[PDB]
C-alpha cells in the first residue's frame, strides 16, 4: 500500500493472506466472507503470461494476521484449501475481466476478535455506495512504493497497511488507460489536481476494497484489488473487481459446492 498507515489491531478482521508453500513467500491478499469461504482475485492463482498456475495444495491461507513476517501464534489461523473456483470467463488474455476467484477452506475457521467475515453488497448498497467521490478502504501487506533500493529504502511494511481512496468516474477511468475497462471493473484513487496520494502496490492484489455503510454501519466489500499500471503514478488509477456485478456467480458457486 502506497501512502498508507499501519492498521490498528482488528481494523480489518476479514483480511486474508495468501501464502506460497515453497518458496515460503507471500502471494496475495484475500477476504473472509464465511466460515469456510474466501474471496480473492483470479490473477493471484492463474496468470499464464507470467507463468503462474497455483493449485489447491500449492498454498495455504493465513487468517487473522497483523504482521507481515512474524508467525502470530494463537492469534492467526492457517487454513488449507479444499477447492479453488476461478471465474469461467476470467479474461487474463485481454483486460483481466472477471478477475475473481472463490476458495473453499477444508475445515471451517472459527471467528475471533481478529477473524470476522465481511458483508457482500446487495442491490441497494451497490447503488447507494459505489458512487464517484465516495471513499473506500484498501488493506494489504504489499510494497510501500514501486521501487526502493535494496540497501534500506523501506519498501516492505512490517504490518498490514490501510488507505482510503475515492471512487473515480468511469469516463475518467477509461481515459486513464488504453486497457479496455468493463462493467466488471471500477477504479479509485486521487486525481493529480486533488493534491493527495495513495494506491495499492505489488502484493495487495486480491485484497478487499471496503466501504462502511452510513445506514447500517456495516462494512461491505465493493472491490477486489485487481490491477494497475504501476503504483501511485500521477493521472493513473487502480482498478478493482466490481464485486456486485459478479455476485450472481459467487452465489452459484456457493449454492452448489458450499
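Positions refer to the first chain, counted from 1.
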{"item": "Given 186-194 and 200-208, the range whose Cα B-factors average higher in the PDB entry", "value": "186-194"}
{"item": "Given 149-157 and 133-141, the range whose Cα B-factors average higher in the PDB entry", "value": "149-157"}
{"item": "Assigned third (lowest, middle, highest) for the C-alpha B factor of residue 108", "value": "highest"}
{"item": "Relative C-alpha B-factor of residue 168, binned into the chain's lowest, middle or highest third", "value": "middle"}
{"item": "Third assignment of residue 11 from its chain's C-alpha B-factors", "value": "highest"}
{"item": "Record-listed C-alpha B factor of residue 76: chain third", "value": "middle"}
{"item": "Residue 99 - which third its CA temperature factor falls in, relative to the rest of the chain", "value": "lowest"}
